[PDB]
A.B. asks: 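Submitted below is the structure of interest, expressed as structure tokens.
We name chains A, B, ... by the order of the sequence lines, and we start the count at 1 in each one. Just so you know, these numbers use all the heavy atoms, side chains as well, and skip hydrogens, waters and symmetry mates.
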Amino acid sequence: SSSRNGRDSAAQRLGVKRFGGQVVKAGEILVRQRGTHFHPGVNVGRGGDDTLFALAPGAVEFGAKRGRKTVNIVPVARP
Amino acid sequence: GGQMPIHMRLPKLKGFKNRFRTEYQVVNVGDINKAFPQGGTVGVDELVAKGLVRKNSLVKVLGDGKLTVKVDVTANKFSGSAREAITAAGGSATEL
Amino acid sequence: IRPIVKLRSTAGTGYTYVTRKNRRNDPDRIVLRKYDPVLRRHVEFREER
RNA sequence: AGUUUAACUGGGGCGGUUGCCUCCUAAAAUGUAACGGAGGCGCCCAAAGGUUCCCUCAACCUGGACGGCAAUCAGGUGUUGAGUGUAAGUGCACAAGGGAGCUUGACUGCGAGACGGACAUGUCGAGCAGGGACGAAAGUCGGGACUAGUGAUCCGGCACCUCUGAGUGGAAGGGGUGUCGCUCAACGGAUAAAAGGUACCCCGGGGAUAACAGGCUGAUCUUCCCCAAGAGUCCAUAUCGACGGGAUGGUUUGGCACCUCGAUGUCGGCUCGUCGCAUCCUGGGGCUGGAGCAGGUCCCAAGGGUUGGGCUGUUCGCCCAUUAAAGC
RNA sequence: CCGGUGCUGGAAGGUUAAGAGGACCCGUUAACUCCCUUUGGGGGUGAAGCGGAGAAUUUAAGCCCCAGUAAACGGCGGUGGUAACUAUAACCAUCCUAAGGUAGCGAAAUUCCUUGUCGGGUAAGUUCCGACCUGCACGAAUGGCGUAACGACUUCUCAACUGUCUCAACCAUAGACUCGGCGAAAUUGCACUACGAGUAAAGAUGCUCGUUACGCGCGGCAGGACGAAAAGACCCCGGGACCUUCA
RNA sequence: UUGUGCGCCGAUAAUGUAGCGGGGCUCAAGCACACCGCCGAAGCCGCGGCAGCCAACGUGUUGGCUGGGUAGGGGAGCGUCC
RNA sequence: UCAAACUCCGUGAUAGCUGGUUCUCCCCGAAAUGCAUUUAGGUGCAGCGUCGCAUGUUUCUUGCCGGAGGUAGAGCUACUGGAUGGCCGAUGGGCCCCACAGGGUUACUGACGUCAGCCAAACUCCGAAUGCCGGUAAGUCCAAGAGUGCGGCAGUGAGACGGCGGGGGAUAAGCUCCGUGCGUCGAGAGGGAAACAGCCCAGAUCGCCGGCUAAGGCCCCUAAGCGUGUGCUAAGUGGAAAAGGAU
RNA sequence: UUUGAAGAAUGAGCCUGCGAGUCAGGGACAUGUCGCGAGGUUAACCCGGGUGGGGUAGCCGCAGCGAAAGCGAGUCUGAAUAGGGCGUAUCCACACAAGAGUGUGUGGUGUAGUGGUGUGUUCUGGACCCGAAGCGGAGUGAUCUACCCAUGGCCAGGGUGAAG
RNA sequence: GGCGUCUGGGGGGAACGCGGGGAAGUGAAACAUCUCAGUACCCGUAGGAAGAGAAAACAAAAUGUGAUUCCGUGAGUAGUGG
RNA sequence: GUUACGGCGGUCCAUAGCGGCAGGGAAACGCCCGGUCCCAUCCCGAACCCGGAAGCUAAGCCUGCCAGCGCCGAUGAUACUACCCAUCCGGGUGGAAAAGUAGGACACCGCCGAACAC
RNA sequence: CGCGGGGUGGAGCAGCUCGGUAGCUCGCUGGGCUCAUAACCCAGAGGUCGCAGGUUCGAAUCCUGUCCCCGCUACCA
């Protein structure tokens, strides 16, 4: 006999790249995702592939806003 | 391993090589200022002697370092910075 | 022959190029579309057949 | 005449597959194999892109001419179950879904920083400028809700370029920029170009890998057994014992591929045996739907015995005559 | 059966090489010129000649094509129904074909099912003979069906004959055995090389627990030493060789 | 009658006990729970020697830690010849 | 000697294949994975080793803190699906009024809804523990002989069993394929397991006719106890086994 | 050689000898060491009975960027003073900008290669050693065997009984 | 063509040379282009050396060099190359 | 500063919602009156927009009453679980610890403004 | 070891998805010609390749399990 299956796609390495508290530079990829399981918030932008990137430095802060899970970047105050 | 090797899966570097290329052995005015602290006439022969350029080579002069001394430089080409530094010291920059 | 072909939208006032794709079963060859060229600025581009 | 005639493969062949995307497997980061489980792709759209503005469905109920379950109309309920170009998932009602207007950013030059990462690939990207679209403005726009929709390099083609121009001026040709040409689909793509046979075979190797045997397993097979619906005039259990269930054994077909491929000779027969008992006869016994003869079934018992022939290579089997019996 | 592929013949067309042909175009530039200002220098046109790219047109075989040829290579059908019992189907319908296997043969050196069925032979016959035809998958010069004679062919049967056998016994001879003499061999990691049940790379002289066994030879048997021999020929992988062909 | 702790049957292959490793064990040498000691390794300790790394102090001693090892890498050496 | 003789030469043919590769000690010490491959028993790169250089605790462990997940589990009237029984009762089927409609009525089906109980790798209103990322404080810190970067030199790229989670398989395989800052063997001796690579203990610098221990064991083989106390067992259970039977 | 062999997987009867990472190259890379040092070095060649002395042709360093023209501590891209790529040895101090990860200027310090040679890998070569089946070139072979040519020879005895 | 006479050749030789002919194993991890390689081998020819050689050359605007051969560099470069 | 208040926002966006049954109209929010003007309906002055102030809090909005439906929801226990012990017991230890259930939880916070107060 | 392959009126055969499935011959029904078949005329009539699913609006048509006589099934040692 034979199987009509056997295929699979390449793993896309989606996920969260910078978790809560992680200090990140601007443009840093925080979240690789397909939709908006994580939404963009403060100083975070959404790319064409629904990827979340920091628009400014800071520490990643995961929050909520009207039920949506959000990703925010809180500034790191210099001494 | 039969993988298309790095030297074939990559593109050949662009451009050509210009066999009719006028390459210049370069010397910097700072090197001149060190070689000739007193100044004076400076030509390809003197630079070859002081070990700044190669013999039987076209010579160009470039304005990297500081020049403070009077030199009647003689080379095949000069940069603008080199010429200006030479004349600012008060010497001359002759092209042959 | 493909329905969606290369097109090669060229320019009026200088015949330089931009390329994209457009279905052949549109009843024309003339995809007049504005674009920015190098060496000039925004002008109308057409598809040289 | 020279050569090619792919690999994966629970041996190989045949069959199937080969790249990309989505899910599960996948063990709550990522990733993760199998000839593991399911599907899809090799496009489409000049709007199904951009932008501004607006709207919110599906389903159900009720009323309505054709009109019906369902066309279009009205009202109501309805927070999302519809729909999202197309697979699936993640998302989207704040709408990314529905509609309209204007449009071409389905741009040029660039790109801080990151993701991913054998390498080559791939991916996101704020932001600066140019010149634009929409918008009152803020602002958004470097294709599409996202992720697939594709092909390295070589080679060559086309257009443009203040590059080069084999003494010089030109030109050819080369080069740059943009771009085109490969189901190279065996999809990291041996060649621009290629199918088969060998039992006439050869060599190098392999127990890394099949056939015999062994070993493991025991689906299958075999030998029992549990329940007992019942058949048995009645009576489940004299006898057979369904539906179902649990095990033995390792003799069958198999699965695995663990020793052996620098050799473990194969079926059947002949000869020689030896062992076990799951006993064919002989022996002992219980029950009987055992009157007696003869049996049936079960238990104990392996001391000995267990024929000769026809057919077939045959084992097996059928048949012939016999036998106490013609064992496994 | 000429549909396929070949072979033969033909050439009205179509296509088609080199060669002729050289248009047109391009490069160059003698000369015309235009600005641009320089002390000459950048744009256009452009003869002849030399070159390059080379189109149209003409051009044969071949191929396509038109016929023939099967003792040329080759190929020679399905479905369904139908006769007063039943059964089959002489018959019919329909589809396809280039044509649908004729005569003759047929469980065959061909028949898987299959030891087909029936009959004969046999006490008993998967073999054999005859016959049937449901020909898996006969077939007419890759000849078909037969055939006297022939055959160290194959198969079956019978008579006679016999130690092939029931069922084996005896005799001699050559070896084997003994003595003398000469004197190898393959093999060989070793060695004062047991058996059982186990264990173990899953079959143990060599390990474990036990059992058995005084030491050394001679003749013998061949169960093991996965015995010797030959780097398994089968299988696979890799590479060769030769062979075939519409690679 | 309920649950439990031990047991019985079911039980059944083939060279030879052969499903405790053996003898033998219930007068446990068996099982459970507690308790007491001991044996037991190239482990640890003790005594001694060596080497590697490091440190300290002094211009070579001490101390600590370490020292299984295939492919393999590095280091230092023995022996032979000319 | 023949599916292309022999001889010499090319030629020391080439072989991703097999075999072999010779003295010592000291230190460190793997891998049997990923990707790609006319590739799968080969090779390149990465991973893992070593050496050197540079940096210096960045590594690692623990505590605490900030975080994302959708597994286990659970739940489903929270979706998609499945699915048990009731209740209602559309719907149809029949019957009767018997037309055709409209009615009641039912031996029946009986959707939808609802009550209760359930299930799911590709279901999730939920949701852990762990693990992971990051931060932080400490620990180790004359050492893990760490980590990172560069470069020289590699080898490996056939893994095995076991524990746990899982696929395939008959939820069989000493099966196969994955995962596991899981282990061991590999490459690891020693002790125990009778023997017995992968199980348990423990990581062997050498020596000692010294001691304590681990696992495992203390009647004799066999070192240590026919140990103490309380019970149990009658089957040599111990010193294999099921459904099920059983004063 | 293996996941794993005492292994019933391979090889070895024994001893003695022999038997496998070598050599060349201004080769490549790295490292050590020596010389000289912003320079280093010669090759061929010439003279020397030598290992020594000459030999500047070249080679490597000394400036890069760019397809190139070319420009030059800058350069390429680009309309850009607008960013990026590569480069300006490195470090120190200061100043100014920033805190988008740090940059820009000034000053200073001032850059280290090269040729011998050893070692380890590597390239071209047989390239650690042994090993095929087979390919090619040129020749040797039909005294075996296959077939043929020429010339000779042999086939006891007994039967059958064709044509004519 | 025949007869006569005279002059010469003929063959060998290890290497080197000139002109011709010209493989394949191999490598390309296959293979045909290509490589191996103008190698091996073969043929014809010599000479002590041969061949080449006195520009219908190079070069690049330098008032340039000035037969040929050979060595070193140029340079594993420019380029060539499925 | 007080309002049965009008806006703009916030919350682990439901303790906030839905549905109640009784209420309010000071300014304001609103319905509401009309389309002449900007503007508008793929038809409609319904909407959007504009101009207005006739009456009405009827509705929206707002206030009070709530465990009726939904939402939140501990604890403890259980499941599951990393490590560990244990020769099968998936037995047990110490840690973490759900879902479901049950007990119980019914909006709050800020800024501005308005009327009044002042 | 294993793989494979068309179905359609009563029979035999066609027809690949622009939104229907159908058409041919034979057969059958009715009529006519004949004293009564064949040949003629038709109002001629006649089927859901079975159910599940499409992207489905809708599929004979497309895709899968089934629809099932199907040629080839072949482990060569």
A.B. asks: So, OP1 or OP2 of D/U123: does either fall under 4.0 Å of a side-chain N or O from A/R32?
C.D. replies: no
A.B. asks: Sequence neighbours left out, what passes side chain to side chain contact (heavy atoms under 4.5 Å, CB included) with C/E44? Give chain and number order.
C.D. replies: C/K34
A.B. asks: Reading RNA chain J from 5' to 3', where do the contacts with chain A start and stop? Cut-off is 4.0 Å to heavy atoms.
C.D. replies: J/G10 to J/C13
A.B. asks: Linking directly or through intermediates, with side-chain heavy atoms under 4.5 Å: list the remaining ILVMFWY members grouped with C/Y15, chain and number order.
C.D. replies: none
A.B. asks: Pairs under 3.5 angstrom, nitrogen or oxygen only, protein versus nucleotides 92-100 of chain H, please.
C.D. replies:
from: H/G99; atom 1: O2'; to: A/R78; atom 2: NH1; distance (Å): 2.9
from: H/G99; atom 1: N7; to: A/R78; atom 2: NE; distance (Å): 3.4
from: H/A100; atom 1: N6; to: A/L55; atom 2: O; distance (Å): 3.2

A.B. asks: Among residues two or more places apart or on two chains, list those pairs meeting ring pair (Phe, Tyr, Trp, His ring centres under 6.0 Å) that have a residue in residues 26-45 of chain A.
C.D. replies: A/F38-A/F62
A.B. asks: Watson-Crick or G-U wobble, both distances under 3.5 angstrom: are D/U314 and D/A171 paired?
C.D. replies: no
A.B. asks: Using modelled atom types and a 3.5 Å cut-off, is there a donor and acceptor pairing between side-chain atoms of A/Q33 and backbone atoms of A/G35?
C.D. replies: yes
A.B. asks: Is A/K25 near enough to D/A114 that one of its side-chain N or O atoms lies under 4.0 angstrom from OP1 or OP2?
C.D. replies: yes
A.B. asks: Would you say a side-chain N or O of B/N18 is under 4.0 Å from OP1 or OP2 of H/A69?
C.D. replies: yes
A.B. asks: Are any protein N/O atoms closer than 3.5 Å to N/O atoms in nucleotides 79-87 of chain D? If there are, list each pair with its distance.
C.D. replies:
none

A.B. asks: Tell me: CZ of C/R40 to P of D/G132, nearest whole Å?
C.D. replies: 13 Å
A.B. asks: Can G/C95 and G/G104 be counted as a Watson-Crick or G-U wobble pair, both distances below 3.5 Å?
C.D. replies: yes
A.B. asks: Using the salt bridge (charged side-chain N to carboxylate O under 4.0 Å, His left out) criterion, which residues pair with C/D36? Sequence neighbours excluded.
C.D. replies: none
A.B. asks: Is there a Watson-Crick or G-U wobble pair linking E/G27 and E/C50, both distances under 3.5 Å?
C.D. replies: yes
A.B. asks: Would you mind telling me which of D/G189, I/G79, D/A38 lies closest to the side-chain atoms of B/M4?
C.D. replies: D/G189
A.B. asks: For H/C71, take OP1 and OP2 only and decide whether either is under 4.0 Å from a side-chain N or O of B/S79.
C.D. replies: no
A.B. asks: Any heavy-atom pair between the side chains of A/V24 and A/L30 that's under 4.5 Å?
C.D. replies: yes
A.B. asks: Is E/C113 base-paired to E/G13, counting Watson-Crick or G-U wobble with both distances below 3.5 Å?
C.D. replies: no
A.B. asks: Please go through B/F16's hydrophobic cluster and name the other residues, only I, L, V, M, F, W, Y counting, with side-chain heavy atoms under 4.5 Å joining them.
C.D. replies: none
A.B. asks: Within the structure, does a side-chain N or O atom of A/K69 lie under 4.0 Å from either OP1 or OP2 of G/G69?
C.D. replies: yes
A.B. asks: Between D/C124 and D/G113, would you say there is a Watson-Crick or G-U pair if both relevant distances must stay under 3.5 Å?
C.D. replies: yes
A.B. asks: Both distances under 3.5 Å, Watson-Crick or G-U wobble: does D/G218 pair with D/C280?
C.D. replies: no
A.B. asks: For C/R8, I need the groove its side chain contacts, counting base atoms closer than 5.0 Å. Major or minor?
C.D. replies: minor
A.B. asks: Does a side-chain N or O from A/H37 land closer than 4.0 Å to OP1 or OP2 of D/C146, or not?
C.D. replies: no
A.B. asks: Would you state whether a donor and an acceptor, one from the side chain of B/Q3 and one from the base of D/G188, lie under 3.5 Å apart?
C.D. replies: yes
A.B. asks: Please list, for nucleotides 45-48 of chain D, all pairs of protein and nucleotide N/O atoms separated by less than 3.5 Å.
C.D. replies:
from: D/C45; atom 1: OP1; to: C/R23; atom 2: NE; distance (Å): 3.0
from: D/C45; atom 1: OP2; to: C/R23; atom 2: NE; distance (Å): 3.4
from: D/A46; atom 1: OP1; to: C/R23; atom 2: NH2; distance (Å): 2.2
from: D/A46; atom 1: OP2; to: C/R23; atom 2: NH2; distance (Å): 3.4
from: D/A46; atom 1: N7; to: C/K21; atom 2: O; distance (Å): 3.1
from: D/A46; atom 1: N6; to: C/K21; atom 2: O; distance (Å): 3.0

A.B. asks: Just to verify, what does A/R68 make a salt bridge (charged side-chain N to carboxylate O under 4.0 Å, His left out) with, not counting sequence neighbours?
C.D. replies: none
A.B. asks: Centres under 5.5 Å and planes under 30° for the six-membered rings of F/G67 and F/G68?
C.D. replies: no
A.B. asks: Between H/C155 and H/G107, would you say there is a Watson-Crick or G-U pair if both relevant distances must stay under 3.5 Å?
C.D. replies: no
A.B. asks: With respect to the phosphate group of H/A73, does any side-chain polar atom (N or O) of B/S81 fall under 4.0 Å of OP1 or OP2?
C.D. replies: yes
A.B. asks: Under 3.5 Å, side-chain donor or acceptor atoms of residues 23-39 of chain B against the rest of the protein: list the pairs with distances, not counting sequence neighbours.
C.D. replies:
from: B/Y24; atom 1: OH; to: B/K77; atom 2: NZ; distance (Å): 3.4
from: B/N28; atom 1: OD1; to: B/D64; atom 2: N; distance (Å): 3.4
from: B/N33; atom 1: ND2; to: B/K66; atom 2: O; distance (Å): 3.4

A.B. asks: Any chance G/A46 and G/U33 qualify as a Watson-Crick or G-U wobble pair, both distances under 3.5 Å?
C.D. replies: yes
A.B. asks: A/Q33 side chain N/O closer than 4.0 Å to the phosphate oxygens (OP1, OP2) of G/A68?
C.D. replies: no
A.B. asks: Given the structure, is E/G49 a Watson-Crick or G-U wobble partner of E/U28 (both distances under 3.5 Å)?
C.D. replies: yes
A.B. asks: Identify each donor-acceptor pair in which a side-chain atom of residues 52-59 of chain A lies under 3.5 Å from a protein atom, sequence neighbours left out, and give them as a table.
C.D. replies:
none

